[PDB]
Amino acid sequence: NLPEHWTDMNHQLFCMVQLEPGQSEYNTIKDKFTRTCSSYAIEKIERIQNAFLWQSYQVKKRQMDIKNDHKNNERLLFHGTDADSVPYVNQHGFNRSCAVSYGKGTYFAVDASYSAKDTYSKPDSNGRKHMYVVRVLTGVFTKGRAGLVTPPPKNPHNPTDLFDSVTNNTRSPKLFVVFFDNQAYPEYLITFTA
């Protein structure tokens, strides 16, 4: 069930598609980034077409939509990473096993400006920085804390019925942490400079 806005992959299961600047898709993703990163220069935006990651992610989304008994489980967030991690994330997505104040999960920022920090989007031996735009199944969330390996339970009387993610601040979240594979789909890769 590969999305309509994907372009043909000649029967292959993975490709990185460079977006055409000035077209609707590129402009939408650039706007999300320039909301907080207008001083950064975008070299390119690539659409990540990873059939297997998409499949696994969409299954988790359908499950979370059933479990939570409503949609609105998905947020579009940012993830800065070093150039050496980009091939892995493109192919395999996010891996909690690869500061973790809110738990031992994968971190995503609400604002590109946070992911744009050199500590996350480390400039490569050419000044280029890399940030993903990520579909994240945040679902029902709670405040995180150091040392979590999964989200807390919604009620400790049922210790296996878990929150879907944690955040720094439930009323005004700026980051989300997920603890399971295939809760996040890297949808675009932005290559940019300071």
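The term rigid core refers to the maximal set of C-alpha atoms that superpose within 1.5 Å between the two forms. Start at 1 and count along the sequence shown; that's the residue number.
Q: In 8 other deposited structures of this protein, superposed on the rigid core, which stretch sits farther off in Cα RMS terms, 3 to 11 or 183 to 191?
A: Comparing 3 to 11 with 183 to 191, the larger C-alpha deviation in 8 other deposited structures of this protein belongs to 3 to 11.
Q: Which of these two stretches, 44 to 52 or 64 to 72, has the larger RMS Cα offset in 8 other deposited structures of this protein when the rigid core is kept aligned?
A: Of the two stretches, the larger average C-alpha offset in 8 other deposited structures of this protein falls on 64 to 72.
Q: Averaging C-alpha B-factors over each stretch, which comes out higher, 3 to 11 or 185 to 193?
A: Taking the mean B-factor of the alpha carbons in each, 3 to 11 is higher.
Q: Mean C-alpha B-factor higher for 80 to 88, or for 108 to 116?
A: Comparing averages over the C-alpha atoms only gives 80 to 88.
Q: Which listed residue, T138, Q58, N158, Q49, has the largest C-alpha temperature factor in the record?
A: In this record, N158 carries the highest C-alpha B-factor of the candidates.
Q: Ordered by C-alpha B-factor within the chain, which third holds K122? Give me lowest, middle or highest, please.
A: Highest third.
Q: C-alpha B factor of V134, ranked within the chain: lowest, middle or highest third?
A: For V134, the deposited C-alpha B-factor lands in the lowest third.
Q: Tell me, lowest, middle or highest third: where does the Cα B factor of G144 rank within its chain?
A: Its C-alpha B-factor, which the entry lists for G144, ranks in the lowest third among residues of this chain.
Q: Which third, lowest, middle or highest, does the C-alpha temperature factor of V166 belong to within its own chain?
A: Within its chain, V166 is a lowest-third residue by C-alpha B-factor, going by the deposited values.
Q: Is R75 in the lowest, middle or highest third of its chain when residues are ranked by C-alpha B-factor?
A: Middle third.
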